[PDB]
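One structure is given below, encoded as structure tokens.
No Cβ is skipped: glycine too gets one built from the backbone with ideal geometry, and neighbour counts run over all protein chains shown. Please treat every number below as a calculation from the coordinates, not as lab data.
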Amino acid sequence: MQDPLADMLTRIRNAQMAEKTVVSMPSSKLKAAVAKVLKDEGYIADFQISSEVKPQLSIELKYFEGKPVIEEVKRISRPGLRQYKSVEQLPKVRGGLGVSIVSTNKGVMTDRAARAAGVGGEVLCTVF
Amino acid sequence: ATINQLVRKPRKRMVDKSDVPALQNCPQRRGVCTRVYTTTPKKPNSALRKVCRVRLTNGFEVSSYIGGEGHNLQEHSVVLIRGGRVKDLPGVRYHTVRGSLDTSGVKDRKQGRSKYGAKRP
RNA sequence: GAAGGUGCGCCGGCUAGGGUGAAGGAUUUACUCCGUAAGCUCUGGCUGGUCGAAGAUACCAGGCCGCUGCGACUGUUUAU
RNA sequence: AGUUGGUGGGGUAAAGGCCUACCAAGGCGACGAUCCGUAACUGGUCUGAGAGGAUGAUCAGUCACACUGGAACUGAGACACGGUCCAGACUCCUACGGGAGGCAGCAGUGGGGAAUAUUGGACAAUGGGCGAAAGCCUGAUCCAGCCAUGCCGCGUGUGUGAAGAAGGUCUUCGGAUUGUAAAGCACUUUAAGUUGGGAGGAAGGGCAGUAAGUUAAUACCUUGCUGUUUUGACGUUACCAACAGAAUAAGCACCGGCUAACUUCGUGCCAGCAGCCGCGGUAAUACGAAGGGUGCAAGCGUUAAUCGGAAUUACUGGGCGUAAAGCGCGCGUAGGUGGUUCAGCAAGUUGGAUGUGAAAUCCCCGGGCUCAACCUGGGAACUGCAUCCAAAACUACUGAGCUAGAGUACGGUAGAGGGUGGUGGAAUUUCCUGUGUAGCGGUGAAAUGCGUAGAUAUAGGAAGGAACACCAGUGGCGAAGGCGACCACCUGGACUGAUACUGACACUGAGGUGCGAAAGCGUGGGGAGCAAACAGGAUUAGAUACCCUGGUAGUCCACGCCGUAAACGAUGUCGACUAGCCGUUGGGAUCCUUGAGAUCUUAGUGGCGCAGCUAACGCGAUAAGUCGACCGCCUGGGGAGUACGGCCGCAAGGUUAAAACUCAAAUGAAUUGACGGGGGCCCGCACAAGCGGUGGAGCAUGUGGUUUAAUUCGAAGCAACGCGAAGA
RNA sequence: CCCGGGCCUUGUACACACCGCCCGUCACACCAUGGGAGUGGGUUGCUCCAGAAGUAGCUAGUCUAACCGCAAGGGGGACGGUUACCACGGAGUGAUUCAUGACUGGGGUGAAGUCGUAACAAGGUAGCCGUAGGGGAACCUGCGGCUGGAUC
Ligand SMILES: [Mg+2]
Ligand SMILES: [Mg+2]
Ligand SMILES: [Mg+2]
């Protein structure tokens, strides 16, 4: 309703508790772009956009040993409290093993790349 | 809890009132004894504790414990009172420092002499 | 009118408006309407000076406050 | 109300209601004005992992003050600490007419307090004022006096030394412990003492000469050198040598757990200890003492205070079904947050640069005190602000759209949704009449009561009020409170199907406003049953109750008020997602077109249940699971949802809402046991049926009581009393 | 059905285990506090009176070195007077805060006294919530609501 992005993570998180294979939900620039980071990071197998006037976003999910690959996904920059960090202040999820997706001005992209690119932005969510 | 509810009204910190209000942020005060008496402790204990009512230099009237065995204090005696209450004595919240001004130290004390104002022999 | 306080006479200088009102104009229809300078008349404002012991100067013209009993109140009554 | 602007003038070093004249009615305030209490502010300091919390000594920057109030004068600079004038309080002098003073400068005194120091030396250094200079003043400053007040450093000896000396303590009486600890033998002597030597903090000044500059000048003067003489308060210096001798130097707290460290003796709920748990009532590791040990050490403890632990105000980083906590429930203002696409902008956001963010301190690397404390070099930091330059993923804004949210148009469906009027049946009560004759009514049983004046019962008639049996259903509708006879009228919403339309118009919501059971209150009606109060009868030791007989307000209606409930699902609203299974209400679609069931879908309404959550109970698509927006609320129990004040009310009262004091717990869930005037099953001379007894009588025995010189002592419900006693 | 006992289940605020726990009034003591005719202080608002010195404006007047001048006297100044501002002080009337006050109300703590036994089991009339009335007291009763009630 008032946070379509957090709807994406919770839809993903609920499915992995229920051992579902694919999920469907309306798409957007942020939803598709965050799916880009997740797929290139290996947390999701693949994502497609059903290009119609009302587009969906479909994610097929990954399980390694039955346990879902994404152990935990947590929203950070909620609409009630938008969170902005500098390059030095960007979070490190689980000591660098995880990824904290940060929407910088060079597109949506991970915290590891943001430090390399030397740009901060809005810390959207943390993954592990 | 909501971050918006906190913005309007910040979290409030209670300040506990001192358990020694008559001492008034001082380590000790000087007072005179208005009444020396003995009182009975609560349910578990049974004894005759020596407590004296002290009129402090700031006008406060309080009762403080007299520690040790035997005391030489009576009416119109200048004493120094320190903090710390007595749990089995109702209404007593101060201690009388032995070995200062009129209240002499306990006689024949050998262990823990400094706490009771006892000379070294 | 709780209580309590300030000003107040007289003479100037400046100044704001009522009313009435020949003219003139209009309806130059008529016991008509609008309006009108001066003159009379009423109400102010801002300043200055001045006399006395005293300016609501005489006559005239609330004393006031606090607690409490009774009757709610205006009224009526033992003409004497 | 000079209040807020404007205009003219005045005034200031300078703008300005700074002042004034006139004109207008403005200005600030839930983004907290105004008022009350407190308070100098900052760099910084303490604590903390940090975020934060507490605080504003020393030192530094700013400010304000100078016995109290006010005022100006001079001056570049003051409305002036050691300046002026006036008024006031105090102290002092006086010849009574008048005068003098301001230690919150440095010492010092009296006083207050728990508490904070010498009536010191010198301008030697660095500054300041004056002066051409010499030089003078400087209680600034540099030093010295006192104080373990704090930080740091050193010492109070070193090795050997069994005799395991003596004594003390404990003891199992063997011994252990004090204990290499002492004694003894060797040894060094920091520091302290005495003596001797001994820097540096000193830059300079005077004098004379020389060189340069200048001027017409070789003079005067300025500057650079040369030689000489002089300046150290502290200080009798830091520092260095020699002598002597272990010689001059250890105390404090604690030992039950938290917490490192135990025995004995004395006491015996007394004395006392105590931060909490708590200890002590006759064999105390918890009191007092001794020995032993522990920790610390020229310090050791206690208090007072801050932070931490305390995630116990939770931003980092808590909760609200039952532990404290979801407003009774809607609507809605400010605010907070907002579906999706394109483009622009750049406030947020990001990176960089520049200026600033005083110095000291914090931190990092070094340097100097024999090291350290301390000083100091450089760097880092000051997480901030301002400007500029780049970027456009997201937010904000702008412009243009889209239909997923929201809403409108149409047909239909169900409903105790609400309001206004009528109408019906059953029943109760009251009254009238007939029959008819000793009870009716009530209770555990009675009695009050009703009845021979004819009750109850039965039949016929009449009046009146209230509620709507069956239907009826974890059924329906409503925001909640609530709504049950039927019909007519007025009217709200929901559900349902497709198409059509707007195009984010949304969510939540402090204030605010509206509705809100029952009781209650006001005015007027009404009143059958029921029934607070009240009366009588019972029961009971008593019974201001339970039970019975009556019975008033009230319950009913209209119009007002109240504004509270265990107003509960003890669960705020809205949106999305997450296995299933079994019912039910209103629809829709497809198979069955079935006659008559089945499968999907939707809005409700229930019962199980995977995962997940939970302290547990339990929740579990109607979440208390995974999230997001917003709001309300909680911070131990009692005091207390009380007092006081405010608002509301006719009142009763409601709402908002403390503190002192007091307690170490209140509390939730669950387990074991025990218990129940809870339930189920079963047994025993437990009951039931009987046999014979005790208690009545005389005698034997024991016990209590009494008495005694003793009537020896113990046994005290069952489970003591012909008991120990199987024999005074 | 009386007593005692055994098993299962249920409720419990009991664990000293119902010979339990526990409520309230009254009697006594102590402590803190509310109300209270009042009484005594602090601070402060408003409306006024007052007006020393000083500053500025005006001039009943008196005096006067710098300038001008005829050497008369002018210009300017000083003092005096006077007005404006204003401190002290005074008056009235409020507000607030502190301390006390005969008496009075509740609250807490007590070594335990009197009267009951209200709740906890179906606590022996299920309990509790709101409200109203009543009663020495816990409490009782009515009306509505709830289960945070036993048996079934
Ligand atoms: Mg009288
Ligand atoms: Mg009368
Ligand atoms: Mg008469």
Does at least one position in the range B:1-8 carry a residue that is touching a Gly at 6+ places or on another chain (Cβ under 9 Å), within 14 Å of chain A (Cβ to nearest Cβ), of a type in the set (A, V, I, L, M, F, W, C) and loosely packed, with under 11 Cβ neighbours inside 10 Å?
-> yes
Could you give me the residue pairs with C-beta distances under 9 Å whose first residue belongs to the range A:79-98 and is within 14 Å of another protein chain (Cβ to nearest Cβ) and under 29 Å from B:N4 (Cβ atoms), whose second residue is charged (D, E, K, R) and part of a loop (DSSP other than H, G, I, E, B) wherever it lies, and which are 6+ apart or on separate chains?
-> A:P79/A:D3; A:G80/A:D3
Only listed residue being among the hydrophobic types (A, V, I, L, M, F, W, C), part of a loop (DSSP other than H, G, I, E, B) and either more than 14 Å from chain B (Cβ to nearest Cβ) or within 16 Å of RNA strand E (Cβ to nearest atom) (or both), chosen from A:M17, A:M8, A:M1 = A:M1
Quickly run through the range A:17-47 and pick out the residues that are among the hydrophobic types (A, V, I, L, M, F, W, C) and more than 22 Å from A:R112 (Cβ to Cβ).
-> A:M17, A:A18, A:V22, A:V23, A:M25
For the range B:73-90, state whether one or more residues are within 12 Å of RNA strand E (Cβ to nearest atom) and either closer than 30 Å to B:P121 by Cβ or touching a residue at least 60 places away in the same chain (Cβ under 8 Å) (or both).
-> no
What is the residue count in the range B:18-48 for residues that are basic (K, R) and either within 13 Å of RNA strand E (Cβ to nearest atom) or within 14 Å of chain A (Cβ to nearest Cβ) (or both)?
-> 3
For residues that are surrounded by 14 or more Cβ atoms within 10 Å (Cβ to Cβ) and near RNA strand D (Cβ under 6 Å from one of its atoms), scanning just the range A:21-31, find the one that is farthest from the other protein chains (Cβ to nearest Cβ).
-> A:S28
Qualifying residue in the range A:47-55 (condition: surrounded by 15 or more Cβ atoms within 10 Å (Cβ to Cβ), closer than 19 Å to A:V123 by Cα and of a type outside the set (D, E)) | no
Can you tell me which residue among B:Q28, B:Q5 is among the polar types (S, T, N, Q), closer than 30 Å to A:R82 by Cβ and within 7 Å of RNA strand D (Cβ to nearest atom)?
-> B:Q5
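When you scan the range A:22-78, how many residues do you find that are of a type in the set (S, T, Y) and either touching a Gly at 6+ places or on another chain (Cβ under 8 Å) or over 25 Å from A:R94 (Cα atoms) (or both)?
6
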Select from the range B:41-55 the residues that are near RNA strand D (Cβ under 10 Å from one of its atoms) and farther than 12 Å from B:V92 by Cα and list them in ascending order.
-> B:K42, B:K43, B:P44, B:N45, B:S46, B:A47, B:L48
Please indicate, with yes or no, whether at least one residue in the range B:111-118 is at positive phi, surrounded by 15 or more Cβ atoms within 10 Å (Cβ to Cβ) and not polar (S, T, N, Q).
-> yes
Check the range B:56-64 and report whether any residue there is near RNA strand D (Cβ under 6 Å from one of its atoms) and more than 14 Å from chain A (Cβ to nearest Cβ).
-> yes
